[PDB]
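Undergrad: Residue numbers (PDB author numbering), protein chains in the order written: chain A, 3 to 343; chain B, 3 to 343; chain C, 3 to 343; chain A', 3 to 343; chain C', 3 to 343; chain B', 3 to 343. A prime marks a further copy of an entry chain.
Note that beta-carbon positions come from the ideal geometry of N, C-alpha and C, so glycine has one too.
Below: one structure in structure tokens.
There are 6 protein chains.
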Amino acid sequence: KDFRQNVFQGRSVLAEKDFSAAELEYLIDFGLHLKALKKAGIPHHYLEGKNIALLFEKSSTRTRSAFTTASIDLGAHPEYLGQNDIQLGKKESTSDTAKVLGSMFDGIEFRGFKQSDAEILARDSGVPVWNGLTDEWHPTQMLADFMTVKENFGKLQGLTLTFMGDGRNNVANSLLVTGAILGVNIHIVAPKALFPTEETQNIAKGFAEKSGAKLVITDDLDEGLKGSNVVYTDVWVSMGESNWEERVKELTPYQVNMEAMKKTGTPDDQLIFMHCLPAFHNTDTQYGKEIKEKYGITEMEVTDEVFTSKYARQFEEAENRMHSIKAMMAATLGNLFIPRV
Amino acid sequence: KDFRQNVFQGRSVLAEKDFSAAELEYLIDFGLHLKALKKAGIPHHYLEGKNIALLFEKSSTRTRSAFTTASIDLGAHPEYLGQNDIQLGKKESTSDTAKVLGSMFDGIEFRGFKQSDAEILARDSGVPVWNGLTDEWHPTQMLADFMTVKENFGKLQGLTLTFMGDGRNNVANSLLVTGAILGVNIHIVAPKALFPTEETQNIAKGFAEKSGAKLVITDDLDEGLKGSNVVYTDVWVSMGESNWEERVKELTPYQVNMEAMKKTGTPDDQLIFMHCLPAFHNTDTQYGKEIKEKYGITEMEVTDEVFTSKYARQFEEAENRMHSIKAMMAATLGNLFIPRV
Amino acid sequence: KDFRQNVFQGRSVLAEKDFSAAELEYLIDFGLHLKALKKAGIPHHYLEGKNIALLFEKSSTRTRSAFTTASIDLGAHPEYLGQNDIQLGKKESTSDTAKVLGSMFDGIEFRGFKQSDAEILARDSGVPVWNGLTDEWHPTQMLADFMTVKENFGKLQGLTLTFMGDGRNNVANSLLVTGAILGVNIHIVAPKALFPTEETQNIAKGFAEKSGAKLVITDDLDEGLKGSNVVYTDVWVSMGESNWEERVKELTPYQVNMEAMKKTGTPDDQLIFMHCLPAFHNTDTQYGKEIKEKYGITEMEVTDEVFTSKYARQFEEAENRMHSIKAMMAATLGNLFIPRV
Amino acid sequence: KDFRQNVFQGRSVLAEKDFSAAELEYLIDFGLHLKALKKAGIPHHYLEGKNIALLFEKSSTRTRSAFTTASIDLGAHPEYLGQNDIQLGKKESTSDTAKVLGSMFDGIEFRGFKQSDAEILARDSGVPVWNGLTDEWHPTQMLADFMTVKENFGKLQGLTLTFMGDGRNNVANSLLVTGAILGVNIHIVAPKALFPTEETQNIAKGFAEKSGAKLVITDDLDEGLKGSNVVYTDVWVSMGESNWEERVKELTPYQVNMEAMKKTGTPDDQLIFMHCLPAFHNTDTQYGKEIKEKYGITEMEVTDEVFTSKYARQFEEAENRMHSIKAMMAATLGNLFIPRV
Amino acid sequence: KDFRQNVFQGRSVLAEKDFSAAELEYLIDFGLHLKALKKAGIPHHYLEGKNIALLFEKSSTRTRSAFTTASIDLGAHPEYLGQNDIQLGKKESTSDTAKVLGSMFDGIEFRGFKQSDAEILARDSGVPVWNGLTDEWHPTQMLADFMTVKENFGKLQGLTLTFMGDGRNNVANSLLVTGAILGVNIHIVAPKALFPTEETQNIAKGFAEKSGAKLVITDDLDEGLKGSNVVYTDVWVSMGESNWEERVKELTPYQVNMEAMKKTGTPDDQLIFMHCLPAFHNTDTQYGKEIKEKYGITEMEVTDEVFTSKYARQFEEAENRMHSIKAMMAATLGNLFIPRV
Amino acid sequence: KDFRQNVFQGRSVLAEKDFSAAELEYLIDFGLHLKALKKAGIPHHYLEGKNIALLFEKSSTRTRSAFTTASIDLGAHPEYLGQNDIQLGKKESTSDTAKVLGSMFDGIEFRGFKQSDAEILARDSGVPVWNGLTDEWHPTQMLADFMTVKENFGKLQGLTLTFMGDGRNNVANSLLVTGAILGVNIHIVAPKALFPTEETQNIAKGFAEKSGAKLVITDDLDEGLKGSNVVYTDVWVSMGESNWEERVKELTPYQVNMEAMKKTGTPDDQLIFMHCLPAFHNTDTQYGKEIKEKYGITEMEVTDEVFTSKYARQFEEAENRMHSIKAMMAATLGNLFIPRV
Ligand code: NI
Ligand code: NI
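Now the structure itself:
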């Protein structure tokens, strides 16, 4: 008879909607606990002796670094398999690879385009698989983000988080869905063209009706920002993206500047700014210089003033990438005793 | 702000009454979880880098071995201080010693006569203190015993444990109170002269009113034994004890033989024999042979036939000393994330 | 006076022909023992504190992974140096690189085209060098493969292993020689155009005289397959290979299908299928889809039916890459006592 | 050529007069550094893999515990060899034993009566030997004590330390000699009968004339106490010691009470109390009760008021036993780079 | 299917006669290899994570130390349980103790009088049990001793080892049997009253027939010493032994002096002296002084001159206790691959 | 109150000018001390549990291997981020990245073009940053080189090091400034066109006025070489460089041949050859062969004869990359006690 009890052990983490509010909060709180342990020098090698594969079909170095430092702190050894090292379903079926990866490694991180690849990995490897970012979901960023909110405010339910800018990018989609599950009010403040899809809004609405989260999807700043505890943003455009100027044109009214922070009406001690990074907040980059020389644009989604102001939590948030991934890997692979969530 | 959550962390374990049924069950289940891990060779060095002081006012080598091996499995180093090494309250106050011990060691085991010494250790050391046996309580034995019961039957509540023999020895006292807390029915079957004291009985009664445990103290063998899922015993006489012959004479009718096992009415798959050991079940000892010449006794509290029967779980129960101590130390000192019991 | 005894210690593994049947069996048996150890969670950090350099002139991720996870299980830390990181003999002589490498690392894996590079590395580095694949030899694969055969059968001598298809591919060449050294009967069933070379045949014939191995090279399916304990195949064509249609047409009759298994005559309890992977057994790849569209071909060297049947050992054999490499690195660098092979 | 540089490595620590002020201060400062490291959770396993013998001819459990916890923190394993385990020069010559101890262990602690035994151990073992207390010297207590003074005041030279009571016991002798080396003024306030010997005073006077330490040996409280930064004491009598009443009679005027603390004229922020322990400061012990029942004596060398007052540093001092022994073992055995003191 | 191969794994070492010459040489050779490893700082934690119980019915500190330091070098943690801690078969049967011991610890050292206790431990504990000395056998000493001979000479077979003095002492008995198994010629030079028993002589004669060992038992010094490669002795009398003066007088002519070495005829490069220790070779003991005063005796079984001469290997042999025990514990518990001995 | 003392702890190593001669000597000597330790297998896991980021804007595999092996020997885990992984200042500011890197990693290596990027890394990361090579400085190469000089000669001050060839390449620049700081006489022997810039010369001059170093920049081979204890060179042309033919033509008279070694006037025991590598000393490379066909050159900056002569120390110098980096990391991150340099 198997007397091991742990509701997370062996589970994959592919999509944040596969986890209940209680499960998400556990992992968030576990992350804050391990953050405290690491600050104090308290050992927590729950993955002692293990091997972990870190698959990236596209370079995602901050996520890699979070998974790497997390693995080491837990006593596991991470190996990076990037785009030149691995191409799933290209010359060998994803299923065949999963099986061989699973026979050698104890856990698998997967970052790549297809959610379906993540699922086959989870189905066939026989080991926990963690989604480091797909086109559909970004669960590790969500864990970090809500950990950061709770780190600052102490209690998630009934707080308001406002995302400004592209309400159709996959971080906004994840924030809307994850906030709904957790009972956090979510405002998406975007141009109409970039409102979340009906499919995304429906998934979020389903969860919100059970949690009591209020969800507002609007192109009006003043309506959107009022009451926010968190103002969150992300980049408007990519490296030589299509319809670049059209996107910038429509997005520029939704820049997080100090006026936007004022529009919330929220007291200073109840308001923070978040950004999943990288942020175009100045011209300190090669890209930044080029954009300026061509358009005279000096900041995009956030002003430097806000980025460097007392509201700023994006650096704590980026550190929390690591602490949250650590709790996730530990819950899921460390054979810890967790009889109940 | 401390985001560490653990209801056990830093707590001492001096008395089983100081723990709720849910806390006791957690520690039992954790012991079973950890027993599995060790069997599988899954690492669990939760006390990595730590030092532990093991104090013994009297030799208690089975308790010592259990704390020792448990400490090593957890990553901690134990140092044994016995009767020739330490004499708490003899020349230096227990308070003074407790403060010094606590400044060098991360945790302290104490086995000695005075509960007050255990309490002072806990009050002044600043570290977890674990009671390896006092005149008043034996909590590690209780964790091992109810762990053993659960390992065999599952669900503890509603089962029936019967202690037969000296109903006033400290294991019987502990079993009565602890079963009462856990909702396990407890029968003490003893001579009238060796019924547990009014205080022990009334402490147990207070817990039983809330848990639903049925408590029976009786001199009637057939009333006592009926319905038992466990038949538990212990030595009749100890260390050339006073009133020796009288104790044996009042006690022998309460020997655990196959005929006693049959009086329970219980089927082979719902019935086990337990004994905290050492046991006088044969003539295989210097003490045993002397008792045969003087008294014609070849077995005392349990016959060799019961001790070697299909019902015997005493050797499992004794290994469980180690696994249960490990759960206790781990929960209390490992800085594990335990938000809710 | 050096009282250390180990026949493997400090030796490079560059070519399977460089070791006797006794030495190869020891490594194989060592691998099956270590596999057992890992399954039981039994520690074996024979390479504790060591650094290992993994050189790959071309991407070879399955091999990279086996070496990585093996290193870690043994307590050594592997660093991957791939094509963008190293070019032996391009800018700096392979000899100079070997010396510096050998001065920092404790062992060196090399995968590259030229056997002479493996030899210069072994000659000049001063550390064990392991050939992860060259144009001439694939020793670690042969270790995995015969470990797999023994895992299924026990005594290797007198068994029959049949490779079907491109009998000129370096896997088939290695199998012929290694099976020859080991006293395994090797059958190569290939169109005459793809028979092993006279040089390959002559090397294997030398070893087989002494071992008693029966070598058969034939284009006749029925004569080749008859009495096979193992049916082994590999890809007909690689990434954008010349003579593509020629190769596919001549190799098509040598597809491992259920009829091919049936042709062996061998009872179910004496017959396995093996494939060094990746295999084209279905249409679950981008490549597989392009072949199905252009040619109507759905499966090549092995049918999905054989691939997913009770005969299939590919995935065990693939896992065994790791266990076999661990034995090889352990014998060769672990400073283990091995007085006699 | 040996490029290792460390002026302490391989040296024994048998007598504090064998070390210069610079060497003593280094070890003191090193102790405060390692204390900081341990509080912060910073690893410092400088004796990783080592075995250490802890010899005690007489039970000295606080010293054992300091050596034990120190060894573990440094990564060394301590084994306790007490009076029933070892009798030097009894049935085997001390020299023969030293040689065998030295061939198995990496370091040796020795606590026993004869300084000459310590020296033979140091001469013949080939490993560092540390004196845990002999009739002649107590170097580990001195390291702890001056570490404690520096921990509180920040700079040893020109401070005043006053020992009150038995100026002939070996801690007072060591304090006088060690204070002289370090440039700390030392007052010994004792009855004339218990003034330090001429031999001890001469050793101290020799060192003091080079350091500029002032040394006062007096039976006058008011002369002795004035200007003290430290008031230090120790027990007047042993367990059933000879001339017990005569010693108590002469010593009782030299009790450290609150009046004595006042006699210093030192401001509150520049005054501390020290005691090497155990202290008879109340009646919380078996011995304490017995002394009271026979003499009505309730406190001896220090009052409870002083022991529990804001001047008290004896518990920090007792913790520092460990931190100081740790620096001593690390300097002397860890193969650290220490080119200069 | 268990693919683990190891002839020693799980086996107890209770009596040297229980192992073949091949097995004994392997252990010996394994010891010299591990000694080399330790001298080079090469890791070998083959017992990583294990707990070991060290039982001593009587104080035996040199043996205790060898086992302790060996355990630690191998990664296992030893706990000492001495006379005040354990009394096998006194209160509790040795069988019951064995079972519980075996359930917590991974191996068990036993030093005690009764061989039957060693056997019950091996039979009931379920773990390897190592005999650290019984009335009948001293295997670990024989391993140290022949390791020492091989360390000096190479090929053991055909060598001559001569024990001088009490040919009835259990060292001499073990040497006769072990030398017999190994094909070493054994000479026992003893007064006729102290010849080995007929039982001891007959055991050794059985083994010598097959090994070709020449056994000589004689009271003639010149015939016994002739051709010796090793002159080995041990104490004439123990702690308060009866027949003291009788024993000393009859044994006095068998003192190992320089004349005894000269009597061998053996060239300096082929002659060593050995003594299992402690040795009475001078007057540097309390005991030695009492013998000098009472009897004028200054040296007994060996002169200081021989003890400190170019022939002396006692201290190497003593260090070798450790290296030989490490090999024995490593072979028997390390789960090392040993397919053939 | 922080009683931690270490002058290096937390400092970055961006430029050799930022360190005093005494600090540089300490790190050199520490490197030699640590080289001995590793040779002896003495543990020195000073960075136990740490994570280190190794950034490379361009491939630099010898520098990488040195940081990697050094990290592992110290107990730290390195992760390599190369040109396809990280692009500092391209899309995210170096400041932003530095902050994130520093929140996850305990230390950062940086190899890239801009010194300003190294400085920003140091300013904003909050961790030690080590310069693995910029356009302006190469401090780890300098530590390795002067470590090598001292390893051969001892005393650095008063010796003479001569760099021959391109007197403007960054190794020559570094050698001039660093020798100047350390009091080593430096001769640059170069064509006039390749004399070090006025700035490099004037920086060196400022250090030489204080140290007593004699600096000579000259085109005269015989004036340059005379009195040299070291002849040091480096490649003439790099990565299909511009002005290629002109560089070779002005450079060839400055080749290191045996005749150059003889012009020093220095005896065989006071003279060594150094080269930071890779070296073009033969035709054993693809690049070498092309240069032979196009130019008739079979060797460039150094002949094979000098490269393989008794003077050659370049392979020692290259191993020393690792040991010197280890000293740097250890002093800067190990939290070692270093009160005074
Ligand atoms: Ni790594
Ligand atoms: Ni221990």
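#1: Can you find at least 3 beta carbon pairs, one from the region 324 to 333 of chain B and one from the region 31 to 38 of chain B, that sit closer than 8 Å?
#2: Measure from the alpha carbon of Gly114(C') to the alpha carbon of each residue in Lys101(C'), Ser97(C'), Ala100(C'), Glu138(C'), then state which is nearest.
#3: Does any C-beta atom of chain B' lie closer than 8 Å to the C-beta of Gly91(C')?
#4: Output needed for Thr268(B'): all residues of its chain with C-beta closer than 8 Å, excluding positions within five of it in sequence on either side, in chain order.
#5: Which value, in whole angstroms, describes the spacing of the CA atoms of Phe309(B) and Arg13(C')?
#6: So, helix, strand or coil for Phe58(B'), using DSSP?
#7: Would the C-beta of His140(B) count as close to ligand 3, meaning under 7 Å from any of its heavy atoms?
#8: For ligand 1, any of its heavy atoms closer than 7 Å to the Cβ of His79(B')?
#9: Helix, strand or coil: how does DSSP classify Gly290(A) here?
#10: Mapping DSSP to helix, strand and coil, what is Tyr82(B')?
#11: Would you list the one or two residues that DSSP bridges to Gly109(C')?
#12: Give the list of continuous alpha helix (DSSP H) stretches no shorter than 4 residues that lie fully inside the region 115 to 147 of chain C.
#13: Quick check: is the beta carbon of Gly51(A') nearer than 8 Å to any beta carbon in chain B'?
#14: Within the same chain, show all residues whose beta-carbon is closer than 8 Å to that of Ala332(B'), passing over the 5 residues directly before and after it, in chain order.
#15: Go through its chain and collect everything with a Cβ distance to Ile299(A)'s Cβ below 7 Å, but skip five positions before and after it.
#16: Which whole-angstrom value is the C-beta distance of residue 1(A') and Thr202(A'), which I expect to be below 8 Å?
#17: Counting only beta-carbon separations shorter than 8 Å, does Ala262(C') have a partner in chain C?
#18: Nearest chain B C-beta to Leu227(C') closer than 8 Å, yes or no?
#19: Which runs of the alpha helix (DSSP H) fall wholly inside the region 180 to 226 of chain B' and span at least 4 residues, in chain order?
#20: Do you know offhand how far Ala38(A)'s Cα is from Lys3(B)'s?
#21: Does DSSP put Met166(C') in a helix, a strand or coil?
#22: Can you give me the Cβ contacts of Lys101(C) inside the same chain, cut-off strictly under 6 Å, excluding the 5 residues immediately before and after it?
#23: Looking only at its own chain, which residues have a Cβ that is under 8 Å from the Cβ of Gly226(B), when we skip the five neighbours before and after it?
#24: Determine which residues of the region 301 to 330 of chain A' have a Cβ less than 7 Å from any Cβ of chain B, and write them out in chain order.
#25: List, in chain order, every chain C' residue whose beta-carbon is nearer than 8 Å to that of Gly77(B').
TA: This is what the structure gives:
#1: These segments touch.
#2: Considering only alpha carbons, the answer is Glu138(C').
#3: No, its Cβ sits nowhere closer than 8 Å to a Cβ of chain B'.
#4: Leaving aside the five residues that flank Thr268(B') on each side, the residues in its chain whose CB is nearer than 8 Å to its CB run, in chain order, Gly229, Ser230, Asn231.
#5: If you take the alpha carbons of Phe309(B) and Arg13(C'), they lie about 28 Å apart.
#6: Strand.
#7: Ligand 3 is absent from the structure shown, which contains only ligand 1 and ligand 2.
#8: The answer is yes for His79(B').
#9: Three-state result, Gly290(A): helix.
#10: The answer is strand: DSSP assigns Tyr82(B') an E or B state.
#11: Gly109(C') pairs with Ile54(C').
#12: Runs found: 117 to 127.
#13: At least one chain B' Cβ lies under 8 Å of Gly51(A').
#14: Excluding five sequence positions before and after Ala332(B'), the CB atoms of its chain that fall closer than 8 Å to its own CB belong to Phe32, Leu36, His46, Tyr48, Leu49, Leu76, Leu338, given in chain order.
#15: Taken in chain order, the residues that qualify are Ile293.
#16: Missing from the structure shown is residue 1(A'); chain A' here goes from 3 to 343 and no further.
#17: So, not an interface residue.
#18: False, the Cβ-Cβ gap to chain B never drops below 8 Å.
#19: The region 180 to 226 of chain B' contains these whole alpha helix (DSSP H) runs: 200 to 213.
#20: Distance from the CA atom of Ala38(A) to the CA atom of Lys3(B), rounded to whole angstroms, is 9 Å.
#21: Note: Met166(C') maps to strand in three-state DSSP.
#22: Within the same chain, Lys101(C) has close Cβ partners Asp126.
#23: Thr164, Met166, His189, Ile190, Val191, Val218, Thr220.
#24: Per Cβ criterion, the list reads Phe317, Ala320, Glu321, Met324.
#25: Scanning chain C' for C-beta atoms nearer than 8 Å to the C-beta of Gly77(B') yields nothing, as the closest lies near 14 Å away.
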